[PDB]
>>> print(open('start.pdb').read())   # PDB, C-alpha atoms and all ligand atoms
ATOM      1  CA  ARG A   1      -9.516  19.678  12.419  1.00  0.00           C
ATOM      2  CA  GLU A   2      -6.486  17.895  10.966  1.00  0.00           C
ATOM      3  CA  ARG A   3      -7.435  14.372   9.899  1.00  0.00           C
ATOM      4  CA  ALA A   4      -3.944  13.022   9.035  1.00  0.00           C
ATOM      5  CA  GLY A   5      -1.551  12.133  11.906  1.00  0.00           C
ATOM      6  CA  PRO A   6       2.285  12.093  11.721  1.00  0.00           C
ATOM      7  CA  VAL A   7       2.660   8.731  10.101  1.00  0.00           C
ATOM      8  CA  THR A   8      -0.139   9.397   7.558  1.00  0.00           C
ATOM      9  CA  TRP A   9       1.517  12.798   6.875  1.00  0.00           C
ATOM     10  CA  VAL A  10       5.165  11.596   6.526  1.00  0.00           C
ATOM     11  CA  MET A  11       4.183   8.774   4.142  1.00  0.00           C
ATOM     12  CA  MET A  12       2.438  11.284   1.835  1.00  0.00           C
ATOM     13  CA  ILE A  13       5.396  13.673   1.943  1.00  0.00           C
ATOM     14  CA  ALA A  14       7.813  10.758   1.132  1.00  0.00           C
ATOM     15  CA  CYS A  15       5.623   9.598  -1.802  1.00  0.00           C
ATOM     16  CA  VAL A  16       5.565  13.134  -3.199  1.00  0.00           C
ATOM     17  CA  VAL A  17       9.328  13.689  -2.758  1.00  0.00           C
ATOM     18  CA  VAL A  18      10.057  10.409  -4.541  1.00  0.00           C
ATOM     19  CA  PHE A  19       7.590  11.282  -7.308  1.00  0.00           C
ATOM     20  CA  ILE A  20       9.448  14.575  -7.876  1.00  0.00           C
ATOM     21  CA  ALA A  21      12.832  12.849  -7.872  1.00  0.00           C
ATOM     22  CA  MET A  22      11.519  10.504 -10.606  1.00  0.00           C
ATOM     23  CA  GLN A  23      10.617  13.504 -12.779  1.00  0.00           C
ATOM     24  CA  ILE A  24      13.939  15.239 -12.233  1.00  0.00           C
ATOM     25  CA  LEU A  25      16.273  12.153 -12.280  1.00  0.00           C
ATOM     26  CA  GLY A  26      14.252   9.682 -14.316  1.00  0.00           C
ATOM     27  CA  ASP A  27      12.301   6.613 -13.328  1.00  0.00           C
ATOM     28  CA  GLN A  28      15.141   4.156 -13.655  1.00  0.00           C
ATOM     29  CA  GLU A  29      17.730   6.019 -11.575  1.00  0.00           C
ATOM     30  CA  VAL A  30      15.219   6.078  -8.702  1.00  0.00           C
ATOM     31  CA  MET A  31      14.237   2.438  -9.183  1.00  0.00           C
ATOM     32  CA  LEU A  32      17.883   1.414  -8.932  1.00  0.00           C
ATOM     33  CA  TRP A  33      18.066   3.075  -5.505  1.00  0.00           C
ATOM     34  CA  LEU A  34      14.587   2.126  -4.133  1.00  0.00           C
ATOM     35  CA  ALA A  35      13.532  -1.154  -5.778  1.00  0.00           C
ATOM     36  CA  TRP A  36      13.289  -4.503  -4.003  1.00  0.00           C
ATOM     37  CA  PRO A  37      16.799  -6.048  -4.064  1.00  0.00           C
ATOM     38  CA  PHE A  38      17.416  -7.083  -7.623  1.00  0.00           C
ATOM     39  CA  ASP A  39      20.822  -8.665  -6.806  1.00  0.00           C
ATOM     40  CA  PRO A  40      22.262 -10.767  -3.945  1.00  0.00           C
ATOM     41  CA  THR A  41      24.720  -7.954  -3.189  1.00  0.00           C
ATOM     42  CA  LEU A  42      21.764  -5.703  -2.406  1.00  0.00           C
ATOM     43  CA  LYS A  43      19.887  -8.021  -0.022  1.00  0.00           C
ATOM     44  CA  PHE A  44      21.232  -6.277   3.134  1.00  0.00           C
ATOM     45  CA  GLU A  45      20.188  -2.784   2.064  1.00  0.00           C
ATOM     46  CA  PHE A  46      17.096  -3.285   4.250  1.00  0.00           C
ATOM     47  CA  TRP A  47      15.177  -0.143   3.227  1.00  0.00           C
ATOM     48  CA  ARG A  48      14.468  -1.849  -0.173  1.00  0.00           C
ATOM     49  CA  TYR A  49      11.998  -4.335   1.297  1.00  0.00           C
ATOM     50  CA  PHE A  50       9.705  -1.301   2.052  1.00  0.00           C
ATOM     51  CA  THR A  51      10.762   1.590  -0.259  1.00  0.00           C
ATOM     52  CA  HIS A  52       9.304   0.083  -3.400  1.00  0.00           C
ATOM     53  CA  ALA A  53       5.966   1.258  -2.038  1.00  0.00           C
ATOM     54  CA  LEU A  54       7.004   4.937  -2.394  1.00  0.00           C
ATOM     55  CA  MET A  55       7.473   4.828  -6.193  1.00  0.00           C
ATOM     56  CA  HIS A  56       4.885   5.858  -8.832  1.00  0.00           C
ATOM     57  CA  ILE A  57       5.185   6.601 -12.612  1.00  0.00           C
ATOM     58  CA  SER A  58       1.519   7.455 -13.150  1.00  0.00           C
ATOM     59  CA  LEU A  59      -0.303  10.412 -11.949  1.00  0.00           C
ATOM     60  CA  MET A  60      -3.517   8.565 -11.605  1.00  0.00           C
ATOM     61  CA  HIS A  61      -2.175   5.822  -9.350  1.00  0.00           C
ATOM     62  CA  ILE A  62      -0.305   8.032  -6.957  1.00  0.00           C
ATOM     63  CA  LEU A  63      -3.420  10.151  -6.593  1.00  0.00           C
ATOM     64  CA  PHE A  64      -5.657   7.290  -5.830  1.00  0.00           C
ATOM     65  CA  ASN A  65      -3.224   5.484  -3.618  1.00  0.00           C
ATOM     66  CA  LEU A  66      -2.603   8.613  -1.589  1.00  0.00           C
ATOM     67  CA  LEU A  67      -6.320   9.301  -1.414  1.00  0.00           C
ATOM     68  CA  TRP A  68      -7.047   5.929   0.220  1.00  0.00           C
ATOM     69  CA  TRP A  69      -3.845   6.028   2.237  1.00  0.00           C
ATOM     70  CA  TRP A  70      -4.896   9.438   3.587  1.00  0.00           C
ATOM     71  CA  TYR A  71      -8.384   8.202   4.401  1.00  0.00           C
ATOM     72  CA  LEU A  72      -7.805   4.659   5.653  1.00  0.00           C
ATOM     73  CA  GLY A  73      -4.357   5.251   7.207  1.00  0.00           C
ATOM     74  CA  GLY A  74      -5.686   8.388   8.768  1.00  0.00           C
ATOM     75  CA  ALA A  75      -8.619   6.533  10.308  1.00  0.00           C
ATOM     76  CA  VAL A  76      -6.351   3.806  11.644  1.00  0.00           C
ATOM     77  CA  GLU A  77      -3.756   6.209  13.090  1.00  0.00           C
ATOM     78  CA  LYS A  78      -6.422   8.341  14.756  1.00  0.00           C
ATOM     79  CA  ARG A  79      -8.384   5.471  16.345  1.00  0.00           C
ATOM     80  CA  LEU A  80      -5.769   2.722  16.855  1.00  0.00           C
ATOM     81  CA  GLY A  81      -2.636   5.001  17.061  1.00  0.00           C
ATOM     82  CA  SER A  82       0.558   5.644  15.127  1.00  0.00           C
ATOM     83  CA  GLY A  83       2.303   2.356  15.991  1.00  0.00           C
ATOM     84  CA  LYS A  84      -0.470   0.212  14.614  1.00  0.00           C
ATOM     85  CA  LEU A  85      -0.386   2.087  11.274  1.00  0.00           C
ATOM     86  CA  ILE A  86       3.430   1.705  11.114  1.00  0.00           C
ATOM     87  CA  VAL A  87       3.226  -2.079  11.664  1.00  0.00           C
ATOM     88  CA  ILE A  88       0.482  -2.726   9.036  1.00  0.00           C
ATOM     89  CA  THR A  89       2.474  -0.641   6.575  1.00  0.00           C
ATOM     90  CA  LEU A  90       5.838  -2.362   7.099  1.00  0.00           C
ATOM     91  CA  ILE A  91       4.413  -5.829   7.196  1.00  0.00           C
ATOM     92  CA  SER A  92       2.126  -5.336   4.183  1.00  0.00           C
ATOM     93  CA  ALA A  93       4.924  -3.611   2.255  1.00  0.00           C
ATOM     94  CA  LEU A  94       7.346  -6.436   3.039  1.00  0.00           C
ATOM     95  CA  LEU A  95       5.063  -9.342   2.220  1.00  0.00           C
ATOM     96  CA  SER A  96       3.318  -7.790  -0.749  1.00  0.00           C
ATOM     97  CA  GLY A  97       6.684  -7.095  -2.337  1.00  0.00           C
ATOM     98  CA  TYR A  98       7.889 -10.601  -1.513  1.00  0.00           C
ATOM     99  CA  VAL A  99       4.971 -12.240  -3.351  1.00  0.00           C
ATOM    100  CA  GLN A 100       5.243  -9.878  -6.285  1.00  0.00           C
ATOM    101  CA  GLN A 101       8.941 -10.367  -6.948  1.00  0.00           C
ATOM    102  CA  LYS A 102       8.595 -14.081  -6.399  1.00  0.00           C
ATOM    103  CA  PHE A 103       6.309 -14.423  -9.427  1.00  0.00           C
ATOM    104  CA  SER A 104       7.346 -11.426 -11.595  1.00  0.00           C
ATOM    105  CA  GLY A 105      10.710 -10.075 -10.498  1.00  0.00           C
ATOM    106  CA  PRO A 106      11.767  -6.956  -8.669  1.00  0.00           C
ATOM    107  CA  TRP A 107      10.691  -4.158 -11.014  1.00  0.00           C
ATOM    108  CA  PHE A 108       7.613  -2.835  -9.293  1.00  0.00           C
ATOM    109  CA  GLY A 109       6.338  -0.315  -6.795  1.00  0.00           C
ATOM    110  CA  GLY A 110       3.438   1.692  -5.520  1.00  0.00           C
ATOM    111  CA  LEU A 111       1.618   2.296  -2.244  1.00  0.00           C
ATOM    112  CA  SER A 112      -1.282   0.134  -3.430  1.00  0.00           C
ATOM    113  CA  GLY A 113      -0.331  -3.055  -1.593  1.00  0.00           C
ATOM    114  CA  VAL A 114      -0.427  -1.116   1.641  1.00  0.00           C
ATOM    115  CA  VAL A 115      -3.747   0.441   0.621  1.00  0.00           C
ATOM    116  CA  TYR A 116      -5.298  -2.976  -0.003  1.00  0.00           C
ATOM    117  CA  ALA A 117      -3.956  -4.148   3.354  1.00  0.00           C
ATOM    118  CA  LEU A 118      -5.606  -1.166   5.001  1.00  0.00           C
ATOM    119  CA  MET A 119      -8.896  -1.889   3.163  1.00  0.00           C
ATOM    120  CA  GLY A 120      -8.788  -5.506   4.282  1.00  0.00           C
ATOM    121  CA  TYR A 121      -7.929  -4.542   7.844  1.00  0.00           C
ATOM    122  CA  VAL A 122     -10.411  -1.746   8.329  1.00  0.00           C
ATOM    123  CA  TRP A 123     -13.149  -3.886   6.780  1.00  0.00           C
ATOM    124  CA  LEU A 124     -12.616  -7.043   8.812  1.00  0.00           C
ATOM    125  CA  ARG A 125     -11.688  -5.277  12.012  1.00  0.00           C
ATOM    126  CA  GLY A 126     -14.917  -3.256  11.640  1.00  0.00           C
ATOM    127  CA  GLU A 127     -17.001  -6.282  10.815  1.00  0.00           C
ATOM    128  CA  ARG A 128     -16.011  -8.384  13.784  1.00  0.00           C
ATOM    129  CA  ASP A 129     -14.742  -5.850  16.274  1.00  0.00           C
ATOM    130  CA  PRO A 130     -17.419  -3.122  15.895  1.00  0.00           C
ATOM    131  CA  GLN A 131     -16.461  -1.564  19.228  1.00  0.00           C
ATOM    132  CA  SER A 132     -12.965  -0.726  17.746  1.00  0.00           C
ATOM    133  CA  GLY A 133     -14.534   2.332  16.107  1.00  0.00           C
ATOM    134  CA  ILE A 134     -13.298   1.493  12.628  1.00  0.00           C
ATOM    135  CA  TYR A 135     -15.527   0.604   9.806  1.00  0.00           C
ATOM    136  CA  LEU A 136     -15.243   0.289   6.034  1.00  0.00           C
ATOM    137  CA  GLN A 137     -18.164   2.135   4.311  1.00  0.00           C
ATOM    138  CA  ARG A 138     -20.130   0.229   1.638  1.00  0.00           C
ATOM    139  CA  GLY A 139     -19.397   2.949  -0.985  1.00  0.00           C
ATOM    140  CA  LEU A 140     -15.684   2.331  -0.422  1.00  0.00           C
ATOM    141  CA  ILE A 141     -16.053  -1.447  -0.740  1.00  0.00           C
ATOM    142  CA  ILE A 142     -17.674  -0.842  -4.113  1.00  0.00           C
ATOM    143  CA  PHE A 143     -15.018   1.629  -5.217  1.00  0.00           C
ATOM    144  CA  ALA A 144     -12.219  -0.718  -4.205  1.00  0.00           C
ATOM    145  CA  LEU A 145     -13.737  -3.698  -6.018  1.00  0.00           C
ATOM    146  CA  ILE A 146     -14.059  -1.827  -9.310  1.00  0.00           C
ATOM    147  CA  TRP A 147     -10.437  -0.589  -8.978  1.00  0.00           C
ATOM    148  CA  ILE A 148      -9.133  -4.060  -8.222  1.00  0.00           C
ATOM    149  CA  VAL A 149     -11.179  -5.499 -11.091  1.00  0.00           C
ATOM    150  CA  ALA A 150      -9.937  -2.813 -13.479  1.00  0.00           C
ATOM    151  CA  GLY A 151      -6.379  -3.871 -12.592  1.00  0.00           C
ATOM    152  CA  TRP A 152      -6.973  -7.596 -12.918  1.00  0.00           C
ATOM    153  CA  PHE A 153      -8.432  -7.079 -16.458  1.00  0.00           C
ATOM    154  CA  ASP A 154      -5.913  -4.525 -17.512  1.00  0.00           C
ATOM    155  CA  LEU A 155      -8.271  -1.630 -18.034  1.00  0.00           C
ATOM    156  CA  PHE A 156      -5.895   1.029 -16.922  1.00  0.00           C
ATOM    157  CA  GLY A 157      -3.504   0.477 -19.757  1.00  0.00           C
ATOM    158  CA  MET A 158      -0.422  -0.129 -17.684  1.00  0.00           C
ATOM    159  CA  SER A 159       1.434  -2.965 -16.066  1.00  0.00           C
ATOM    160  CA  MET A 160      -0.086  -3.994 -12.826  1.00  0.00           C
ATOM    161  CA  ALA A 161       1.410  -5.605  -9.798  1.00  0.00           C
ATOM    162  CA  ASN A 162      -1.447  -8.014  -9.063  1.00  0.00           C
ATOM    163  CA  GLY A 163       0.653 -10.177  -6.732  1.00  0.00           C
ATOM    164  CA  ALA A 164       1.407  -7.265  -4.464  1.00  0.00           C
ATOM    165  CA  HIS A 165      -2.197  -6.100  -4.357  1.00  0.00           C
ATOM    166  CA  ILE A 166      -3.746  -9.456  -3.541  1.00  0.00           C
ATOM    167  CA  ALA A 167      -0.922 -10.334  -1.052  1.00  0.00           C
ATOM    168  CA  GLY A 168      -1.490  -6.920   0.555  1.00  0.00           C
ATOM    169  CA  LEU A 169      -5.188  -7.489   1.012  1.00  0.00           C
ATOM    170  CA  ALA A 170      -4.505 -10.963   2.604  1.00  0.00           C
ATOM    171  CA  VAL A 171      -2.032  -9.503   5.107  1.00  0.00           C
ATOM    172  CA  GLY A 172      -4.521  -6.793   6.180  1.00  0.00           C
ATOM    173  CA  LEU A 173      -7.286  -9.421   6.633  1.00  0.00           C
ATOM    174  CA  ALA A 174      -4.912 -11.681   8.693  1.00  0.00           C
ATOM    175  CA  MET A 175      -3.831  -8.888  10.945  1.00  0.00           C
ATOM    176  CA  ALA A 176      -7.398  -7.788  11.565  1.00  0.00           C
ATOM    177  CA  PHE A 177      -8.484 -11.362  12.368  1.00  0.00           C
ATOM    178  CA  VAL A 178      -5.704 -11.698  14.911  1.00  0.00           C
ATOM    179  CA  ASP A 179      -6.220  -8.143  16.253  1.00  0.00           C
ATOM    180  CA  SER A 180      -9.870  -8.839  16.843  1.00  0.00           C
ATOM    181  CA  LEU A 181      -9.796 -12.229  18.546  1.00  0.00           C
ATOM    182  CA  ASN A 182     -10.382  -9.358  20.814  1.00  0.00           C
TER     183      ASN A 182
ATOM    184  CA  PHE B   1       7.294  -1.007 -13.517  1.00  0.00           C
ATOM    185  CA  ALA B   2       4.391  -3.072 -12.492  1.00  0.00           C
ATOM    186  CA  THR B   3       2.293  -0.689 -10.463  1.00  0.00           C
ATOM    187  CA  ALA B   4       0.783  -1.750  -7.232  1.00  0.00           C
TER     188      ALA B   4
HETATM  189  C1  LIG C 201     -11.267  -4.465  -1.839  1.00  0.00           C
HETATM  190  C2  LIG C 201     -12.206  -4.318  -0.646  1.00  0.00           C
HETATM  191  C3  LIG C 201     -11.743  -5.132   0.556  1.00  0.00           C
HETATM  192  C4  LIG C 201     -12.857  -5.415   1.549  1.00  0.00           C
HETATM  193  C5  LIG C 201     -13.599  -6.710   1.244  1.00  0.00           C
HETATM  194  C6  LIG C 201     -15.076  -6.413   1.006  1.00  0.00           C
HETATM  195  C7  LIG C 201     -15.987  -7.632   1.070  1.00  0.00           C
HETATM  196  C8  LIG C 201     -17.018  -7.467   2.187  1.00  0.00           C
HETATM  197  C9  LIG C 201     -18.375  -8.040   1.845  1.00  0.00           C
HETATM  198  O1  LIG C 201     -19.360  -7.044   2.062  1.00  0.00           O
HETATM  199  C10 LIG C 201     -19.940  -6.974   3.393  1.00  0.00           C
HETATM  200  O2  LIG C 201     -21.374  -7.061   3.295  1.00  0.00           O
HETATM  201  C11 LIG C 201     -22.093  -6.317   4.303  1.00  0.00           C
HETATM  202  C12 LIG C 201     -23.585  -6.368   4.017  1.00  0.00           C
HETATM  203  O3  LIG C 201     -23.822  -7.459   3.110  1.00  0.00           O
HETATM  204  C13 LIG C 201     -21.576  -4.882   4.365  1.00  0.00           C
HETATM  205  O4  LIG C 201     -22.375  -4.102   5.244  1.00  0.00           O
HETATM  206  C14 LIG C 201     -20.164  -4.949   4.899  1.00  0.00           C
HETATM  207  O5  LIG C 201     -19.666  -3.624   5.113  1.00  0.00           O
HETATM  208  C15 LIG C 201     -19.280  -5.710   3.909  1.00  0.00           C
HETATM  209  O6  LIG C 201     -18.050  -6.081   4.528  1.00  0.00           O
HETATM  210 CL    CL C 202       2.145   4.261 -10.888  1.00  0.00          CL
END
>>> encode(input="start.pdb", output="structure tokens", more="lines below")
Ligand SMILES: CCCCCCCCCO[C@@H]1O[C@H](CO)[C@@H](O)[C@H](O)[C@H]1O
Ligand SMILES: [Cl-]
Amino acid sequence: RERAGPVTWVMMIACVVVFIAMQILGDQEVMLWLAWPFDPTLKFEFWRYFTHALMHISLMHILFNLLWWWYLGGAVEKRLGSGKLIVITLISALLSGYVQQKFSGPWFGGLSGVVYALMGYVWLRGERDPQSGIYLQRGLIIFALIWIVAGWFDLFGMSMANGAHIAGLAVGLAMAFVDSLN
Amino acid sequence: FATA
């Protein structure tokens, strides 16, 4: 019955717990703790290269990010196993955040870079390794393009981490290419 | 926050 494995589950719990903390303590106090290192003295607090992905300030984005995390991460954990999901997450979180802060500074967050990685990965891995048993549905490709496009053209009304999203997608494509040389 |  259950569709979400342990990694899928624990990521959702963490995102929720952090979302609550941001209501109780305020956005900024949590950002100070969880943001990408915003000072050289913070560059060895290694959690911060990944924890930015757990922060949301917007009810709509956390909902949608967790929706696609639940669905795509769940598919990947079930078919390809927990370890694979962990690696895509850490690598996409790391590199998406790297590209984002490079061009716009450290004040950012959201699980969306990991979601785009997962979209990229499930798509390409399905396209050219059909026997893997993972596949990105056409309806989902459409839904993800509109969402991306809405972000690029600022239709949501908020500030958008376009670097992290595009970098995240690229990572998920690259990993799927490699993973399916076969 | 830029949201991702
Ligand atoms: C933000 C979404 C990230 C995924 C990138 C989507 C671009 C894929 C181009 O469409 C492809 O065309 C085929 C038929 O033309 C479909 O059957 C196939 O499923 C789909 O891959
Ligand atoms: Cl958000």
>>> closest_residue(input="start.pdb", among="A:174, A:91, A:145, A:59", to="chain B", atoms="all atoms listed in the file")
A:59
>>> residues_around(input="start.pdb", residues="residue 1 of chain B", least_positions_apart="2", cutoff="12 Å", atoms="only C-alpha atoms", output="list in words")
residues 27, 28, 30, 31, 32, 35, 36, 52, 53, 55, 56, 57, 58, 100, 101, 104, 105, 106, 107, 108, 109, 110, 158, 159, 160 and 161 of chain A; 3 and 4 of chain B
>>> residues_near_ligand(input="start.pdb", ligand="ligand LIG 201 (chain C)", cutoff="8 Å", atoms="all atoms listed in the file", output="JSON, numbers by chain")
{"A": [116, 119, 120, 123, 124, 127, 135, 136, 137, 138, 140, 141, 142, 143, 144, 145, 148, 169]}
>>> residues_around(input="start.pdb", residues="residue 132 of chain A", least_positions_apart="2", cutoff="10 Å", atoms="all atoms listed in the file", output="list in words")
residues 79, 80, 122, 125, 126, 127, 128, 129, 130, 134, 135, 180 and 182 of chain A
>>> closest_residue(input="start.pdb", among="A:89, A:112, A:131, A:65", to="chain B", atoms="all atoms listed in the file")
A:112
>>> closest_residue(input="start.pdb", among="A:133, A:61, A:177, A:103", to="chain B", atoms="only C-alpha atoms")
A:61
>>> resolve_selection(input="start.pdb", expression="the PyMOL selection byres (((chain A and resi 71-77) around 10) and not hetatm)", output="ChimeraX atom specification")
/A:2-9,11,65-70,78-86,88-89,114-119,121-122,133-136
>>> residues_around(input="start.pdb", residues="residue 156 of chain A", least_positions_apart="5", cutoff="10 Å", atoms="all atoms listed in the file", output="number ranges by chain")
A: 60-61, 147, 150-151
>>> write_last_selection(input="start.pdb", atoms="C-alpha atoms", output="PDB file, keeping the file's coordinate frame")
ATOM      1  CA  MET A  60      -3.517   8.565 -11.605  1.00  0.00           C
ATOM      2  CA  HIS A  61      -2.175   5.822  -9.350  1.00  0.00           C
ATOM      3  CA  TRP A 147     -10.437  -0.589  -8.978  1.00  0.00           C
ATOM      4  CA  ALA A 150      -9.937  -2.813 -13.479  1.00  0.00           C
ATOM      5  CA  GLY A 151      -6.379  -3.871 -12.592  1.00  0.00           C
TER       6      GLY A 151
END
>>> atom_distance(input="start.pdb", atom1="atom CA of residue 87 of chain A", atom2="atom CA of residue 51 of chain A")
14.6 Å
>>> closest_residue(input="start.pdb", among="A:10, A:62, A:17, A:38", to="ligand CL 202 (chain C)", atoms="only C-alpha atoms and all ligand atoms")
A:62
>>> atom_distance(input="start.pdb", atom1="atom CA of residue 157 of chain A", atom2="atom CA of residue 24 of chain A")
24.1 Å
>>> axis_aligned_box(input="start.pdb", around="segment 139-145 of chain A", padding_each_side="4 Å", output="lines of an AutoDock Vina configuration file")
center_x = -15.8
center_y = -0.4
center_z = -3.2
size_x = 15.2
size_y = 14.6
size_z = 13.6
>>> atom_distance(input="start.pdb", atom1="atom CA of residue 12 of chain A", atom2="atom CA of residue 47 of chain A")
17.2 Å
>>> build_atoms(input="start.pdb", residues="chain B", atoms="N, CA, C and O atoms", output="compact mmCIF listing (two decimals), in the coordinates of the input")
# COMPACT_ATOMS: atom_id res chain seq x y z
N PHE B 1 8.09 -1.06 -14.71
CA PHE B 1 7.29 -1.01 -13.52
C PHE B 1 5.97 -1.67 -13.61
O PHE B 1 5.13 -1.25 -14.35
N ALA B 2 5.73 -2.68 -12.80
CA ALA B 2 4.39 -3.07 -12.49
C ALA B 2 3.92 -2.17 -11.42
O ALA B 2 4.66 -1.99 -10.50
N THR B 3 2.76 -1.56 -11.52
CA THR B 3 2.29 -0.69 -10.46
C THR B 3 1.40 -1.44 -9.53
O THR B 3 0.63 -2.25 -9.93
N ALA B 4 1.54 -1.16 -8.29
CA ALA B 4 0.78 -1.75 -7.23
C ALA B 4 -0.36 -0.83 -6.80
O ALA B 4 -0.29 0.52 -7.31
